[PDB]
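Chemist: Can you keep this structure in mind? I'll have questions shortly.
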Amino acid sequence: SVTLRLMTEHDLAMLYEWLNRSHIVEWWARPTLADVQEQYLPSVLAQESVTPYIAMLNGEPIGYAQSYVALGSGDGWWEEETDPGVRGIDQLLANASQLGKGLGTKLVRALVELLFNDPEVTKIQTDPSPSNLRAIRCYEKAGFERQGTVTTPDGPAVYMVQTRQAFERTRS
Ligand SMILES: CC(C)(COP(=O)(O)OP(=O)(O)OC[C@H]1O[C@@H](n2cnc3c(N)ncnc32)[C@H](O)[C@@H]1OP(=O)(O)O)[C@@H](O)C(=O)NCCC(=O)NCCS
Ligand SMILES: NC[C@H]1O[C@H](O[C@H]2[C@H](O)[C@@H](O[C@H]3O[C@H](CO)[C@@H](O)[C@H](N)[C@H]3O)[C@H](N)C[C@@H]2N)[C@H](N)[C@@H](O)[C@@H]1O
């Protein structure tokens with residue numbers, strides 16, 4: 001069972017290592033330690049309405065995740081959003097030897113549950129790139145539905161949603 005804790009300043013050097021592992025680099029640019037400290041400091045992320053978490057498994061950190069207020073995004077992101085209740089997610093697994101063993105699906109399921117525990121939250125979104133079939137499949141298994149293609153400042157994305165109603169019906 002995978003759980004989530006908030007990321008702290010103390011996790012930044014570990015995150016920096018992960019973001020230079022080649023299984024991560026291919027989908028996530030190759031940040032220096034200072035890049036990571038400037039960009040992923042929780043109080044800096046806070047300014048773009050981003051919350052970082054660390055995924056835990058048997059007491060060990062196994063990945064990184066982010067939630068964000070879509071409406072709170074700016075610089076070209078989700079310009080058409082009108083609903084303050086929408087959240088987006090992103091995530092990664094730290095260890096290549098743990099890829100494709102269902103852990104990503106548990107991580108996403110844990111992150112979806114936490115977010116719907118914000119009573120103001122209406123819907124979760126994700127935006128994997130079209131090439132990223134493994135991320136798209138993992139999200140599907142976690143209850144996300146493919147809507148269609150959207151343009152983002154990083155490029156096209158397969159836009160996927162899970163509503164609160166859908167979550168209510170499947171959680172049992
Ligand atoms: C995305 C990520 C979190 C998913 O976690 P994961 O543990 O690998 O995914 P899961 O094991 O839970 O399931 C993934 C599914 O993708 C499928 N799959 C793997 N590679 C695939 C491919 N190239 N094409 C189609 N399906 C693929 C698997 O079959 C599996 O589903 P299954 O149970 O039906 O067999 C993880 O792979 C990761 O950190 N990747 C690197 C960075 C990244 O892509 N982050 C996401 C950015 S949107
Ligand atoms: N899925 C994996 C992807 O995760 C991140 O992409 C995220 C952005 O982080 C997030 O943007 C937020 O953080 C930015 C700072 O980076 C701010 O500009 C922005 N205002 C703020 O809303 C978008 N809303 C959603 C997008 N999927 C990585 N960057 C990218 O490399 C990787 O492929």
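Labeling convention for the structure tokens: chains A, B, ... as they appear, residues from 1 per chain, ligands from 1 in order of appearance.
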Compile the contact shell of stretch 89-104 of chain A as an MDAnalysis selection string: residues with an atom at most 10 Å away, counting only C-alpha atoms, same-chain residues fewer than 4 positions apart removed.
Modeler: chainID A and resid 1:2 14:15 17:19 21:24 27:28 50:55 57 61:70 108:112 115 124:128 134:135 138:139 141:142
Chemist: When DSSP works through the backbone of this structure, what residues of stretch 2-171 of chain A end up as strand (DSSP E or B), shown as a VMD selection string?
Modeler: chain A and resid 3 to 6 50 to 57 60 to 69 86 to 93 123 to 126 145 to 152 155 to 163
Chemist: Please measure the separation of atom 27 (N, counted along the ligand's line) of ligand 2 and atom CA of residue A:123, giving the value in Å to one decimal.
Modeler: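 Rounded to one decimal, the two atoms are 15.6 Å apart.
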Chemist: Taking 5 positions as the minimum chain separation for residues in the same chain, which residues sit within 7 Å of residue A:145 when counting only C-alpha atoms? Answer as a PyMOL selection string.
Modeler: chain A and resi 140+160-162
Chemist: Grab the residues selected above and save them as a CSV table (one decimal), in the first residue's frame with C-alpha atoms.
Modeler:
chain,number,residue,atom,x,y,z
A,140,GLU,CA,-7.3,4.6,-17.0
A,160,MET,CA,-8.4,12.7,-19.0
A,161,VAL,CA,-10.9,13.3,-16.1
A,162,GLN,CA,-12.4,11.6,-13.1
Chemist: In Å, with one decimal, what is the gap from atom 24 (N, counted along the ligand's line) of ligand 1 to atom CA of residue A:156?
Modeler: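 Taking atom 24 (N, counted along the ligand's line) of ligand 1 as the start and atom CA of residue A:156 as the end point, the length is 18.0 Å.
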Chemist: Quick one: everything within 10 Å of residue A:40, counting only C-alpha atoms, minus sequence neighbours fewer than 5 positions away in the same chain. Send it as number ranges by chain.
Modeler: A: 7-9, 11-12, 15-16, 34-35, 45-46, 50-52
Chemist: Among chain A, which ones does DSSP place in helix (DSSP H, G or I), written as a PyMOL selection string?
Modeler: chain A and resi 9-18+22-25+33-40+42-48+70-72+96-98+103-116+133-141+164-170
Chemist: Hey, can you spit out that residue selection with C-alpha atoms as a PDB file, in the first residue's frame?
Modeler:
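File produced: again-v7.pdb:
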ATOM      1  CA  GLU A   9      12.834  21.305   1.498  1.00  0.00           C
ATOM      2  CA  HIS A  10      14.647  18.253   2.929  1.00  0.00           C
ATOM      3  CA  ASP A  11      13.496  16.094  -0.007  1.00  0.00           C
ATOM      4  CA  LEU A  12      14.904  18.361  -2.751  1.00  0.00           C
ATOM      5  CA  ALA A  13      18.323  16.705  -3.197  1.00  0.00           C
ATOM      6  CA  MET A  14      16.599  13.302  -3.459  1.00  0.00           C
ATOM      7  CA  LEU A  15      14.158  14.723  -6.035  1.00  0.00           C
ATOM      8  CA  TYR A  16      17.143  16.151  -7.935  1.00  0.00           C
ATOM      9  CA  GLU A  17      18.638  12.677  -8.191  1.00  0.00           C
ATOM     10  CA  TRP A  18      15.328  11.182  -9.430  1.00  0.00           C
ATOM     11  CA  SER A  22      16.798   8.377 -17.630  1.00  0.00           C
ATOM     12  CA  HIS A  23      13.404   6.640 -17.286  1.00  0.00           C
ATOM     13  CA  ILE A  24      12.153   9.926 -15.762  1.00  0.00           C
ATOM     14  CA  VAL A  25      14.006  12.363 -18.061  1.00  0.00           C
ATOM     15  CA  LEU A  33      20.562  20.827  -8.108  1.00  0.00           C
ATOM     16  CA  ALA A  34      19.962  24.613  -8.094  1.00  0.00           C
ATOM     17  CA  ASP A  35      17.256  24.261 -10.822  1.00  0.00           C
ATOM     18  CA  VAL A  36      15.439  21.805  -8.536  1.00  0.00           C
ATOM     19  CA  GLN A  37      15.874  23.993  -5.406  1.00  0.00           C
ATOM     20  CA  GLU A  38      14.566  27.090  -7.181  1.00  0.00           C
ATOM     21  CA  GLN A  39      11.673  25.360  -9.014  1.00  0.00           C
ATOM     22  CA  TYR A  40      10.446  22.659  -6.611  1.00  0.00           C
ATOM     23  CA  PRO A  42       7.185  23.891  -1.770  1.00  0.00           C
ATOM     24  CA  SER A  43       6.789  27.673  -1.123  1.00  0.00           C
ATOM     25  CA  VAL A  44       7.801  28.422  -4.746  1.00  0.00           C
ATOM     26  CA  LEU A  45       5.439  25.739  -6.102  1.00  0.00           C
ATOM     27  CA  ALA A  46       2.796  27.285  -3.807  1.00  0.00           C
ATOM     28  CA  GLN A  47       2.867  30.445  -5.980  1.00  0.00           C
ATOM     29  CA  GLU A  48       1.571  28.451  -8.971  1.00  0.00           C
ATOM     30  CA  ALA A  70      -6.081  24.222 -12.794  1.00  0.00           C
ATOM     31  CA  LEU A  71      -7.718  27.666 -12.643  1.00  0.00           C
ATOM     32  CA  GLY A  72      -4.693  28.864 -10.628  1.00  0.00           C
ATOM     33  CA  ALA A  96      13.053   1.785 -12.885  1.00  0.00           C
ATOM     34  CA  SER A  97      12.900  -1.702 -11.292  1.00  0.00           C
ATOM     35  CA  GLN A  98       9.465  -0.777  -9.880  1.00  0.00           C
ATOM     36  CA  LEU A 103       2.507   0.954  -7.998  1.00  0.00           C
ATOM     37  CA  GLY A 104       1.712   3.945 -10.219  1.00  0.00           C
ATOM     38  CA  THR A 105      -1.956   2.951 -10.151  1.00  0.00           C
ATOM     39  CA  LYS A 106      -1.950   2.807  -6.306  1.00  0.00           C
ATOM     40  CA  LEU A 107      -0.122   6.152  -6.176  1.00  0.00           C
ATOM     41  CA  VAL A 108      -2.762   7.769  -8.469  1.00  0.00           C
ATOM     42  CA  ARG A 109      -5.639   6.124  -6.507  1.00  0.00           C
ATOM     43  CA  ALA A 110      -4.153   7.501  -3.235  1.00  0.00           C
ATOM     44  CA  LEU A 111      -3.749  10.989  -4.752  1.00  0.00           C
ATOM     45  CA  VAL A 112      -7.311  11.022  -6.172  1.00  0.00           C
ATOM     46  CA  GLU A 113      -8.741  10.044  -2.713  1.00  0.00           C
ATOM     47  CA  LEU A 114      -6.731  12.742  -0.919  1.00  0.00           C
ATOM     48  CA  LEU A 115      -7.897  15.409  -3.399  1.00  0.00           C
ATOM     49  CA  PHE A 116     -11.577  14.501  -3.152  1.00  0.00           C
ATOM     50  CA  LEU A 133       0.769   5.216 -23.531  1.00  0.00           C
ATOM     51  CA  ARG A 134       1.954   3.705 -20.240  1.00  0.00           C
ATOM     52  CA  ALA A 135       0.905   6.830 -18.273  1.00  0.00           C
ATOM     53  CA  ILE A 136      -2.442   6.908 -20.162  1.00  0.00           C
ATOM     54  CA  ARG A 137      -3.081   3.227 -19.297  1.00  0.00           C
ATOM     55  CA  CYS A 138      -2.083   3.661 -15.620  1.00  0.00           C
ATOM     56  CA  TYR A 139      -4.515   6.631 -15.392  1.00  0.00           C
ATOM     57  CA  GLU A 140      -7.337   4.585 -16.985  1.00  0.00           C
ATOM     58  CA  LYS A 141      -6.831   1.804 -14.428  1.00  0.00           C
ATOM     59  CA  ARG A 164     -16.398  13.316  -7.912  1.00  0.00           C
ATOM     60  CA  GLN A 165     -19.546  11.395  -8.965  1.00  0.00           C
ATOM     61  CA  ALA A 166     -17.510   8.747 -10.762  1.00  0.00           C
ATOM     62  CA  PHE A 167     -15.243   8.463  -7.693  1.00  0.00           C
ATOM     63  CA  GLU A 168     -18.289   8.086  -5.363  1.00  0.00           C
ATOM     64  CA  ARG A 169     -19.578   5.176  -7.540  1.00  0.00           C
ATOM     65  CA  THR A 170     -16.353   3.163  -7.835  1.00  0.00           C
TER      66      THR A 170
END
Chemist: Using only C-alpha atoms and all ligand atoms, find the one residue out of A:60, A:5, A:132, A:20 that sits nearest to ligand 1.
Modeler: A:132
